[PDB]
Amino acid sequence: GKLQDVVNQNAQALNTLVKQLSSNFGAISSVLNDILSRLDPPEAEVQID
Amino acid sequence: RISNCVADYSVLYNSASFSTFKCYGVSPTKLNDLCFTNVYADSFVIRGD
Amino acid sequence: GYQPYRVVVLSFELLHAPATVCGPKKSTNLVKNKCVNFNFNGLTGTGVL
């Protein structure tokens with residue numbers, strides 16, 4: 001258990017980091033390529049930020 | 001309800017007859033590089049202000 | 001300020017559903033096993049197909 005728990009903790013921290021990409025954080029879409037693909041730079045800038 | 005057409009917004013935009021063309025969540029000139037599931041067209045007449 | 005104005009509101013839906021109205025960008029041939037920047041009915045990205 002002392003060896004499996006560190007592996008599980010690291011795998012879950014990486015999984016949480018990856019899932020954080022599906023969050024919007026207030027943007028209209030989490031997919032960066034799509035918001036860059038439909039909004040013009042001067043106003044896409046804030047959705048990017 | 002409009003669907004199953006090749007919506008050529010680039011021709012429509014560059015006409016100087018239109019006095020207000022305001023798009024939200026989509027840049028008015030990149031619209032020609034996106035595809036849409038279904039477009040609803042509402043129409044009516046109101047006063048200026 | 002008080003003269004009449006005709007108003008048309010085009011509403012665009014973007015759900016996880018099949019697209020039907022697409023801007024008239026001509027279709028091209030498909031290349032497999034090469035790093036390319038693709039646009040599949042409004043889904044944009046870079047990758048190998």
# chains A, B, ... in the order shown; residues from 1 in each chain; ligands from 1
$ residues_around --residues "stretch 13-16 of chain B" --least-positions-apart "3" --cutoff "9 Å" --atoms "only C-alpha atoms" --output "list in words"
residues 9, 10, 19, 21, 28 and 29 of chain B
$ interface_residues --of "chain B" --to "chain C" --cutoff "8 Å" --atoms "only C-alpha atoms" --output "PDB file with N, CA and C atoms, in the first residue's frame"
ATOM      1  N   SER B   3     -32.111  25.795 -43.119  1.00  0.00           N
ATOM      2  CA  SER B   3     -31.172  24.701 -42.942  1.00  0.00           C
ATOM      3  C   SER B   3     -30.875  24.085 -44.300  1.00  0.00           C
ATOM      4  N   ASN B   4     -29.764  23.347 -44.356  1.00  0.00           N
ATOM      5  CA  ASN B   4     -29.339  22.632 -45.561  1.00  0.00           C
ATOM      6  C   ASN B   4     -29.018  23.593 -46.705  1.00  0.00           C
ATOM      7  N   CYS B   5     -28.392  24.723 -46.380  1.00  0.00           N
ATOM      8  CA  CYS B   5     -27.955  25.668 -47.396  1.00  0.00           C
ATOM      9  C   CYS B   5     -26.513  26.082 -47.144  1.00  0.00           C
ATOM     10  N   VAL B   6     -25.876  26.585 -48.198  1.00  0.00           N
ATOM     11  CA  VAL B   6     -24.507  27.094 -48.113  1.00  0.00           C
ATOM     12  C   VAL B   6     -24.603  28.593 -47.834  1.00  0.00           C
ATOM     13  N   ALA B   7     -24.681  28.933 -46.551  1.00  0.00           N
ATOM     14  CA  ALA B   7     -24.999  30.294 -46.132  1.00  0.00           C
ATOM     15  C   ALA B   7     -23.825  31.216 -46.432  1.00  0.00           C
ATOM     16  N   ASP B   8     -23.963  32.038 -47.474  1.00  0.00           N
ATOM     17  CA  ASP B   8     -22.882  32.914 -47.925  1.00  0.00           C
ATOM     18  C   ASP B   8     -22.997  34.288 -47.262  1.00  0.00           C
ATOM     19  N   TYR B   9     -22.618  34.328 -45.982  1.00  0.00           N
ATOM     20  CA  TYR B   9     -22.692  35.566 -45.211  1.00  0.00           C
ATOM     21  C   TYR B   9     -21.713  36.625 -45.696  1.00  0.00           C
ATOM     22  N   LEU B  31     -17.702  34.222 -40.106  1.00  0.00           N
ATOM     23  CA  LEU B  31     -18.870  33.350 -40.207  1.00  0.00           C
ATOM     24  C   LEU B  31     -18.814  32.429 -41.411  1.00  0.00           C
ATOM     25  N   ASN B  32     -18.041  32.784 -42.430  1.00  0.00           N
ATOM     26  CA  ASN B  32     -18.015  32.015 -43.661  1.00  0.00           C
ATOM     27  C   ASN B  32     -17.132  30.780 -43.554  1.00  0.00           C
ATOM     28  N   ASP B  33     -16.472  30.579 -42.412  1.00  0.00           N
ATOM     29  CA  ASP B  33     -15.578  29.448 -42.196  1.00  0.00           C
ATOM     30  C   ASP B  33     -16.129  28.472 -41.161  1.00  0.00           C
ATOM     31  N   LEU B  34     -17.424  28.555 -40.863  1.00  0.00           N
ATOM     32  CA  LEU B  34     -18.061  27.713 -39.863  1.00  0.00           C
ATOM     33  C   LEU B  34     -19.301  27.064 -40.456  1.00  0.00           C
ATOM     34  N   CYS B  35     -19.704  25.953 -39.850  1.00  0.00           N
ATOM     35  CA  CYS B  35     -20.897  25.226 -40.251  1.00  0.00           C
ATOM     36  C   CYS B  35     -21.864  25.153 -39.078  1.00  0.00           C
ATOM     37  N   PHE B  36     -23.158  25.263 -39.378  1.00  0.00           N
ATOM     38  CA  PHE B  36     -24.189  25.408 -38.362  1.00  0.00           C
ATOM     39  C   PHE B  36     -25.269  24.351 -38.533  1.00  0.00           C
ATOM     40  N   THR B  37     -25.808  23.899 -37.400  1.00  0.00           N
ATOM     41  CA  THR B  37     -26.799  22.828 -37.416  1.00  0.00           C
ATOM     42  C   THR B  37     -28.123  23.302 -38.003  1.00  0.00           C
ATOM     43  N   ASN B  38     -28.557  24.508 -37.636  1.00  0.00           N
ATOM     44  CA  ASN B  38     -29.825  25.104 -38.038  1.00  0.00           C
ATOM     45  C   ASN B  38     -29.771  26.583 -37.694  1.00  0.00           C
ATOM     46  N   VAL B  39     -30.257  27.430 -38.599  1.00  0.00           N
ATOM     47  CA  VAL B  39     -30.239  28.873 -38.375  1.00  0.00           C
ATOM     48  C   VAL B  39     -31.674  29.393 -38.358  1.00  0.00           C
ATOM     49  N   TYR B  40     -32.051  30.037 -37.258  1.00  0.00           N
ATOM     50  CA  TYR B  40     -33.366  30.659 -37.161  1.00  0.00           C
ATOM     51  C   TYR B  40     -33.286  32.112 -37.608  1.00  0.00           C
ATOM     52  N   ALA B  41     -34.195  32.521 -38.486  1.00  0.00           N
ATOM     53  CA  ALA B  41     -34.244  33.894 -38.970  1.00  0.00           C
ATOM     54  C   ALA B  41     -35.524  34.533 -38.452  1.00  0.00           C
ATOM     55  N   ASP B  42     -35.383  35.492 -37.548  1.00  0.00           N
ATOM     56  CA  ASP B  42     -36.512  36.252 -37.043  1.00  0.00           C
ATOM     57  C   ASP B  42     -36.547  37.598 -37.749  1.00  0.00           C
ATOM     58  N   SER B  43     -37.748  38.112 -37.973  1.00  0.00           N
ATOM     59  CA  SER B  43     -37.901  39.381 -38.662  1.00  0.00           C
ATOM     60  C   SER B  43     -39.062  40.157 -38.068  1.00  0.00           C
ATOM     61  N   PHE B  44     -38.898  41.476 -38.036  1.00  0.00           N
ATOM     62  CA  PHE B  44     -39.899  42.391 -37.493  1.00  0.00           C
ATOM     63  C   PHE B  44     -39.438  43.817 -37.774  1.00  0.00           C
ATOM     64  N   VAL B  45     -40.277  44.784 -37.410  1.00  0.00           N
ATOM     65  CA  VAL B  45     -39.985  46.201 -37.594  1.00  0.00           C
ATOM     66  C   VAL B  45     -40.143  46.909 -36.254  1.00  0.00           C
ATOM     67  N   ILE B  46     -39.176  47.753 -35.901  1.00  0.00           N
ATOM     68  CA  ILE B  46     -39.245  48.536 -34.671  1.00  0.00           C
ATOM     69  C   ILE B  46     -38.762  49.951 -34.963  1.00  0.00           C
ATOM     70  N   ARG B  47     -38.779  50.800 -33.940  1.00  0.00           N
ATOM     71  CA  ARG B  47     -38.309  52.166 -34.102  1.00  0.00           C
ATOM     72  C   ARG B  47     -36.809  52.236 -33.833  1.00  0.00           C
ATOM     73  N   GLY B  48     -36.204  53.343 -34.255  1.00  0.00           N
ATOM     74  CA  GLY B  48     -34.761  53.466 -34.272  1.00  0.00           C
ATOM     75  C   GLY B  48     -34.067  53.287 -32.941  1.00  0.00           C
ATOM     76  N   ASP B  49     -34.458  54.067 -31.941  1.00  0.00           N
ATOM     77  CA  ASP B  49     -33.790  54.039 -30.648  1.00  0.00           C
ATOM     78  C   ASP B  49     -34.152  52.807 -29.828  1.00  0.00           C
TER      79      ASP B  49
END
$ closest_atom_pairs --of "chain A" --to "chain B" --cutoff "7 Å" --atoms "only C-alpha atoms" --output "CSV"
residue,atom,partner,partner_atom,distance
A:38,CA,B:26,CA,5.5
A:39,CA,B:27,CA,4.9
A:40,CA,B:27,CA,5.4
$ write_last_selection --atoms "C-alpha atoms" --output "short mmCIF file (atom, residue, chain, number, x, y, z; two decimals), in the first residue's frame"
data_model
loop_
_atom_site.label_atom_id
_atom_site.label_comp_id
_atom_site.auth_asym_id
_atom_site.auth_seq_id
_atom_site.Cartn_x
_atom_site.Cartn_y
_atom_site.Cartn_z
CA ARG A 38 -14.96 31.80 -34.47
CA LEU A 39 -14.06 35.02 -32.58
CA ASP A 40 -11.92 37.80 -34.03
#
$ select_by_dssp --residues "chain B" --states "helix (DSSP H, G or I)" --output "number ranges by chain"
B: 9-13, 30-33
$ write_last_selection --atoms "N, CA and C atoms" --output "mmCIF file, in the first residue's frame"
data_model
loop_
_atom_site.group_PDB
_atom_site.id
_atom_site.type_symbol
_atom_site.label_atom_id
_atom_site.label_comp_id
_atom_site.auth_asym_id
_atom_site.auth_seq_id
_atom_site.Cartn_x
_atom_site.Cartn_y
_atom_site.Cartn_z
ATOM 1 N N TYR B 9 -22.618 34.328 -45.982
ATOM 2 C CA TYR B 9 -22.692 35.566 -45.211
ATOM 3 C C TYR B 9 -21.713 36.625 -45.696
ATOM 4 N N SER B 10 -20.687 36.243 -46.459
ATOM 5 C CA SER B 10 -19.707 37.226 -46.910
ATOM 6 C C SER B 10 -20.317 38.175 -47.931
ATOM 7 N N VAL B 11 -21.142 37.647 -48.837
ATOM 8 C CA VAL B 11 -21.867 38.498 -49.775
ATOM 9 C C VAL B 11 -22.837 39.400 -49.024
ATOM 10 N N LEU B 12 -23.556 38.833 -48.055
ATOM 11 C CA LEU B 12 -24.570 39.586 -47.326
ATOM 12 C C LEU B 12 -23.956 40.737 -46.537
ATOM 13 N N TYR B 13 -22.795 40.512 -45.920
ATOM 14 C CA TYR B 13 -22.223 41.525 -45.036
ATOM 15 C C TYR B 13 -21.747 42.740 -45.826
ATOM 16 N N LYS B 30 -15.763 36.125 -39.912
ATOM 17 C CA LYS B 30 -15.308 34.744 -39.931
ATOM 18 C C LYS B 30 -16.449 33.750 -40.112
ATOM 19 N N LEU B 31 -17.702 34.222 -40.106
ATOM 20 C CA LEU B 31 -18.870 33.350 -40.207
ATOM 21 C C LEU B 31 -18.814 32.429 -41.411
ATOM 22 N N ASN B 32 -18.041 32.784 -42.430
ATOM 23 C CA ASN B 32 -18.015 32.015 -43.661
ATOM 24 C C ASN B 32 -17.132 30.780 -43.554
ATOM 25 N N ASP B 33 -16.472 30.579 -42.412
ATOM 26 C CA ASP B 33 -15.578 29.448 -42.196
ATOM 27 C C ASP B 33 -16.129 28.472 -41.161
#
$ interface_residues --of "chain A" --to "chain C" --cutoff "9 Å" --atoms "only C-alpha atoms" --output "list in words"
residues 33, 34 and 37 of chain A
$ select_by_dssp --residues "chain B" --states "strand (DSSP E)" --output "VMD selection string"
chain B and resid 35 to 36 39 to 47
$ write_last_selection --atoms "N, CA, C and O atoms" --output "CSV table (one decimal), in the first residue's frame"
chain,number,residue,atom,x,y,z
B,35,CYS,N,-19.7,26.0,-39.9
B,35,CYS,CA,-20.9,25.2,-40.3
B,35,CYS,C,-21.9,25.2,-39.1
B,35,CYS,O,-21.4,25.0,-37.9
B,36,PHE,N,-23.2,25.3,-39.4
B,36,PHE,CA,-24.2,25.4,-38.4
B,36,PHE,C,-25.3,24.4,-38.5
B,36,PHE,O,-25.6,24.0,-39.7
B,39,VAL,N,-30.3,27.4,-38.6
B,39,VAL,CA,-30.2,28.9,-38.4
B,39,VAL,C,-31.7,29.4,-38.4
B,39,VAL,O,-32.4,29.2,-39.3
B,40,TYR,N,-32.1,30.0,-37.3
B,40,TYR,CA,-33.4,30.7,-37.2
B,40,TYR,C,-33.3,32.1,-37.6
B,40,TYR,O,-32.4,32.9,-37.2
B,41,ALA,N,-34.2,32.5,-38.5
B,41,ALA,CA,-34.2,33.9,-39.0
B,41,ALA,C,-35.5,34.5,-38.5
B,41,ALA,O,-36.6,34.2,-38.9
B,42,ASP,N,-35.4,35.5,-37.5
B,42,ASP,CA,-36.5,36.3,-37.0
B,42,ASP,C,-36.5,37.6,-37.7
B,42,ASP,O,-35.5,38.2,-38.1
B,43,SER,N,-37.7,38.1,-38.0
B,43,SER,CA,-37.9,39.4,-38.7
B,43,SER,C,-39.1,40.2,-38.1
B,43,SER,O,-40.1,39.6,-37.7
B,44,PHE,N,-38.9,41.5,-38.0
B,44,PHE,CA,-39.9,42.4,-37.5
B,44,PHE,C,-39.4,43.8,-37.8
B,44,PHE,O,-38.4,44.0,-38.4
B,45,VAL,N,-40.3,44.8,-37.4
B,45,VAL,CA,-40.0,46.2,-37.6
B,45,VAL,C,-40.1,46.9,-36.3
B,45,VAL,O,-41.1,46.7,-35.5
B,46,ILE,N,-39.2,47.8,-35.9
B,46,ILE,CA,-39.2,48.5,-34.7
B,46,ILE,C,-38.8,50.0,-35.0
B,46,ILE,O,-38.4,50.3,-36.1
B,47,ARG,N,-38.8,50.8,-33.9
B,47,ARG,CA,-38.3,52.2,-34.1
B,47,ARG,C,-36.8,52.2,-33.8
B,47,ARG,O,-36.2,51.3,-33.3
$ residues_around --residues "stretch 16-28 of chain A" --least-positions-apart "5" --cutoff "9 Å" --atoms "only C-alpha atoms" --output "ChimeraX atom specification"
/A:11,35,46-49 /B:25
$ write_last_selection --atoms "N, CA, C and O atoms" --output "PDB file, in the first residue's frame"
ATOM      1  N   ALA A  11      -1.249   9.504 -10.310  1.00  0.00           N
ATOM      2  CA  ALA A  11      -2.143   9.297 -11.441  1.00  0.00           C
ATOM      3  C   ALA A  11      -3.405  10.138 -11.305  1.00  0.00           C
ATOM      4  O   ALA A  11      -3.896  10.694 -12.293  1.00  0.00           O
ATOM      5  N   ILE A  35     -12.753  28.673 -30.148  1.00  0.00           N
ATOM      6  CA  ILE A  35     -12.962  30.092 -29.883  1.00  0.00           C
ATOM      7  C   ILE A  35     -12.025  30.931 -30.740  1.00  0.00           C
ATOM      8  O   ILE A  35     -12.406  32.000 -31.228  1.00  0.00           O
ATOM      9  N   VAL A  46     -10.031  38.234 -24.638  1.00  0.00           N
ATOM     10  CA  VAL A  46     -10.487  38.085 -23.257  1.00  0.00           C
ATOM     11  C   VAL A  46     -10.947  36.652 -22.984  1.00  0.00           C
ATOM     12  O   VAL A  46     -10.685  36.095 -21.906  1.00  0.00           O
ATOM     13  N   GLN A  47     -11.634  36.033 -23.949  1.00  0.00           N
ATOM     14  CA  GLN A  47     -12.023  34.637 -23.795  1.00  0.00           C
ATOM     15  C   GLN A  47     -10.799  33.745 -23.680  1.00  0.00           C
ATOM     16  O   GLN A  47     -10.837  32.713 -23.000  1.00  0.00           O
ATOM     17  N   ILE A  48      -9.707  34.130 -24.341  1.00  0.00           N
ATOM     18  CA  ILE A  48      -8.448  33.414 -24.194  1.00  0.00           C
ATOM     19  C   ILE A  48      -7.876  33.636 -22.801  1.00  0.00           C
ATOM     20  O   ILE A  48      -7.433  32.693 -22.141  1.00  0.00           O
ATOM     21  N   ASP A  49      -7.867  34.892 -22.349  1.00  0.00           N
ATOM     22  CA  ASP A  49      -7.277  35.238 -21.058  1.00  0.00           C
ATOM     23  C   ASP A  49      -7.943  34.504 -19.903  1.00  0.00           C
ATOM     24  O   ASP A  49      -7.274  34.136 -18.926  1.00  0.00           O
TER      25      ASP A  49
ATOM     26  N   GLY B  25     -20.769  36.446 -29.811  1.00  0.00           N
ATOM     27  CA  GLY B  25     -20.202  35.117 -29.770  1.00  0.00           C
ATOM     28  C   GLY B  25     -19.709  34.593 -31.098  1.00  0.00           C
ATOM     29  O   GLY B  25     -19.272  33.439 -31.161  1.00  0.00           O
TER      30      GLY B  25
END
$ decode --residues "stretch 2-48 of chain A" --atoms "N, CA and C atoms" --output "JSON list (two decimals), in the first residue's frame"
[["chain", "number", "residue", "atom", "x", "y", "z"],
["A", 2, "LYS", "N", 1.97, 1.24, 0.71],
["A", 2, "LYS", "CA", 2.85, 2.41, 0.74],
["A", 2, "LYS", "C", 3.42, 2.72, -0.63],
["A", 3, "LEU", "N", 3.52, 1.72, -1.51],
["A", 3, "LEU", "CA", 4.02, 1.92, -2.86],
["A", 3, "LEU", "C", 2.92, 2.16, -3.87],
["A", 4, "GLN", "N", 1.75, 1.55, -3.67],
["A", 4, "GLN", "CA", 0.63, 1.77, -4.58],
["A", 4, "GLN", "C", -0.03, 3.12, -4.37],
["A", 5, "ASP", "N", -0.05, 3.62, -3.13],
["A", 5, "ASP", "CA", -0.75, 4.87, -2.87],
["A", 5, "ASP", "C", -0.06, 6.06, -3.53],
["A", 6, "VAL", "N", 1.27, 6.07, -3.61],
["A", 6, "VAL", "CA", 1.93, 7.19, -4.29],
["A", 6, "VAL", "C", 1.64, 7.16, -5.78],
["A", 7, "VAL", "N", 1.62, 5.96, -6.38],
["A", 7, "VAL", "CA", 1.29, 5.85, -7.80],
["A", 7, "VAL", "C", -0.14, 6.32, -8.05],
["A", 8, "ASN", "N", -1.07, 5.91, -7.18],
["A", 8, "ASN", "CA", -2.46, 6.35, -7.34],
["A", 8, "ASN", "C", -2.59, 7.85, -7.14],
["A", 9, "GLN", "N", -1.86, 8.42, -6.18],
["A", 9, "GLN", "CA", -1.93, 9.86, -5.94],
["A", 9, "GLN", "C", -1.41, 10.63, -7.14],
["A", 10, "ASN", "N", -0.31, 10.17, -7.74],
["A", 10, "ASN", "CA", 0.22, 10.87, -8.90],
["A", 10, "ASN", "C", -0.71, 10.70, -10.10],
["A", 11, "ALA", "N", -1.25, 9.50, -10.31],
["A", 11, "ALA", "CA", -2.14, 9.30, -11.44],
["A", 11, "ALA", "C", -3.41, 10.14, -11.30],
["A", 12, "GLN", "N", -3.93, 10.28, -10.08],
["A", 12, "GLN", "CA", -5.12, 11.09, -9.90],
["A", 12, "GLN", "C", -4.81, 12.58, -10.02],
["A", 13, "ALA", "N", -3.63, 13.03, -9.57],
["A", 13, "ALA", "CA", -3.28, 14.43, -9.78],
["A", 13, "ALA", "C", -3.14, 14.75, -11.26],
["A", 14, "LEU", "N", -2.54, 13.84, -12.03],
["A", 14, "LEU", "CA", -2.46, 14.04, -13.47],
["A", 14, "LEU", "C", -3.84, 13.99, -14.12],
["A", 15, "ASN", "N", -4.72, 13.11, -13.65],
["A", 15, "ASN", "CA", -6.06, 13.03, -14.21],
["A", 15, "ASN", "C", -6.84, 14.31, -13.92],
["A", 16, "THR", "N", -6.68, 14.87, -12.73],
["A", 16, "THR", "CA", -7.36, 16.13, -12.42],
["A", 16, "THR", "C", -6.81, 17.26, -13.27],
["A", 17, "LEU", "N", -5.48, 17.30, -13.45],
["A", 17, "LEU", "CA", -4.88, 18.30, -14.32],
["A", 17, "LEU", "C", -5.43, 18.21, -15.74],
["A", 18, "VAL", "N", -5.60, 16.99, -16.25],
["A", 18, "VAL", "CA", -6.12, 16.83, -17.60],
["A", 18, "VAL", "C", -7.59, 17.25, -17.67],
["A", 19, "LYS", "N", -8.39, 16.85, -16.68],
["A", 19, "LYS", "CA", -9.80, 17.23, -16.66],
["A", 19, "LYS", "C", -9.98, 18.74, -16.58],
["A", 20, "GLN", "N", -9.03, 19.44, -15.96],
["A", 20, "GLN", "CA", -9.11, 20.89, -15.88],
["A", 20, "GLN", "C", -9.16, 21.56, -17.26],
["A", 21, "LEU", "N", -8.75, 20.85, -18.32],
["A", 21, "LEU", "CA", -8.84, 21.41, -19.66],
["A", 21, "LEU", "C", -10.27, 21.47, -20.18],
["A", 22, "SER", "N", -11.17, 20.63, -19.66],
["A", 22, "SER", "CA", -12.56, 20.67, -20.11],
["A", 22, "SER", "C", -13.36, 21.77, -19.43],
["A", 23, "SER", "N", -12.78, 22.46, -18.45],
["A", 23, "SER", "CA", -13.46, 23.56, -17.79],
["A", 23, "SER", "C", -13.39, 24.82, -18.63],
["A", 24, "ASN", "N", -14.43, 25.65, -18.52],
["A", 24, "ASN", "CA", -14.52, 26.89, -19.27],
["A", 24, "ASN", "C", -13.92, 28.08, -18.53],
["A", 25, "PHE", "N", -13.97, 28.07, -17.20],
["A", 25, "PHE", "CA", -13.48, 29.16, -16.36],
["A", 25, "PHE", "C", -14.15, 30.49, -16.68],
["A", 26, "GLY", "N", -15.33, 30.46, -17.29],
["A", 26, "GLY", "CA", -16.03, 31.65, -17.71],
["A", 26, "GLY", "C", -15.96, 31.92, -19.20],
["A", 27, "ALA", "N", -15.12, 31.20, -19.93],
["A", 27, "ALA", "CA", -15.07, 31.37, -21.37],
["A", 27, "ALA", "C", -16.29, 30.72, -22.03],
["A", 28, "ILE", "N", -16.55, 31.14, -23.27],
["A", 28, "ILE", "CA", -17.68, 30.59, -24.01],
["A", 28, "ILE", "C", -17.45, 29.15, -24.42],
["A", 29, "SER", "N", -16.20, 28.70, -24.48],
["A", 29, "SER", "CA", -15.90, 27.31, -24.79],
["A", 29, "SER", "C", -14.49, 26.99, -24.31],
["A", 30, "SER", "N", -14.31, 25.77, -23.79],
["A", 30, "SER", "CA", -13.01, 25.34, -23.32],
["A", 30, "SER", "C", -12.07, 24.98, -24.45],
["A", 31, "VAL", "N", -12.59, 24.65, -25.62],
["A", 31, "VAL", "CA", -11.76, 24.25, -26.75],
["A", 31, "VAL", "C", -11.14, 25.51, -27.33],
["A", 32, "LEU", "N", -9.83, 25.65, -27.16],
["A", 32, "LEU", "CA", -9.14, 26.88, -27.54],
["A", 32, "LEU", "C", -9.21, 27.11, -29.04],
["A", 33, "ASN", "N", -9.10, 26.02, -29.81],
["A", 33, "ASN", "CA", -9.10, 26.15, -31.26],
["A", 33, "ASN", "C", -10.45, 26.62, -31.78],
["A", 34, "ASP", "N", -11.54, 26.29, -31.09],
["A", 34, "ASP", "CA", -12.85, 26.68, -31.58],
["A", 34, "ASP", "C", -13.13, 28.16, -31.32],
["A", 35, "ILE", "N", -12.75, 28.67, -30.15],
["A", 35, "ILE", "CA", -12.96, 30.09, -29.88],
["A", 35, "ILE", "C", -12.03, 30.93, -30.74],
["A", 36, "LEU", "N", -10.79, 30.47, -30.93],
["A", 36, "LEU", "CA", -9.93, 31.16, -31.90],
["A", 36, "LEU", "C", -10.47, 31.02, -33.32],
["A", 37, "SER", "N", -11.24, 29.96, -33.59],
["A", 37, "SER", "CA", -11.80, 29.71, -34.91],
["A", 37, "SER", "C", -13.08, 30.48, -35.20],
["A", 38, "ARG", "N", -13.75, 31.04, -34.19],
["A", 38, "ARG", "CA", -14.96, 31.80, -34.47],
["A", 38, "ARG", "C", -14.98, 33.24, -33.97],
["A", 39, "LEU", "N", -14.15, 33.62, -33.01],
["A", 39, "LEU", "CA", -14.06, 35.02, -32.58],
["A", 39, "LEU", "C", -12.83, 35.71, -33.17],
["A", 40, "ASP", "N", -13.00, 36.98, -33.50],
["A", 40, "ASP", "CA", -11.92, 37.80, -34.03],
["A", 40, "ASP", "C", -10.95, 38.18, -32.90],
["A", 41, "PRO", "N", -9.66, 38.29, -33.19],
["A", 41, "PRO", "CA", -8.64, 38.46, -32.13],
["A", 41, "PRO", "C", -8.98, 39.52, -31.10],
["A", 42, "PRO", "N", -9.37, 40.74, -31.49],
["A", 42, "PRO", "CA", -9.54, 41.80, -30.47],
["A", 42, "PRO", "C", -10.54, 41.46, -29.38],
["A", 43, "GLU", "N", -11.53, 40.61, -29.67],
["A", 43, "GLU", "CA", -12.51, 40.20, -28.67],
["A", 43, "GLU", "C", -12.31, 38.77, -28.20],
["A", 44, "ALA", "N", -11.69, 37.92, -29.02],
["A", 44, "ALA", "CA", -11.25, 36.61, -28.57],
["A", 44, "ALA", "C", -10.20, 36.70, -27.48],
["A", 45, "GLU", "N", -9.48, 37.82, -27.40],
["A", 45, "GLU", "CA", -8.39, 37.95, -26.44],
["A", 45, "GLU", "C", -8.86, 37.72, -25.00],
["A", 46, "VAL", "N", -10.03, 38.23, -24.64],
["A", 46, "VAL", "CA", -10.49, 38.09, -23.26],
["A", 46, "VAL", "C", -10.95, 36.65, -22.98],
["A", 47, "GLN", "N", -11.63, 36.03, -23.95],
["A", 47, "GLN", "CA", -12.02, 34.64, -23.79],
["A", 47, "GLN", "C", -10.80, 33.75, -23.68],
["A", 48, "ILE", "N", -9.71, 34.13, -24.34],
["A", 48, "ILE", "CA", -8.45, 33.41, -24.19],
["A", 48, "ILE", "C", -7.88, 33.64, -22.80]]
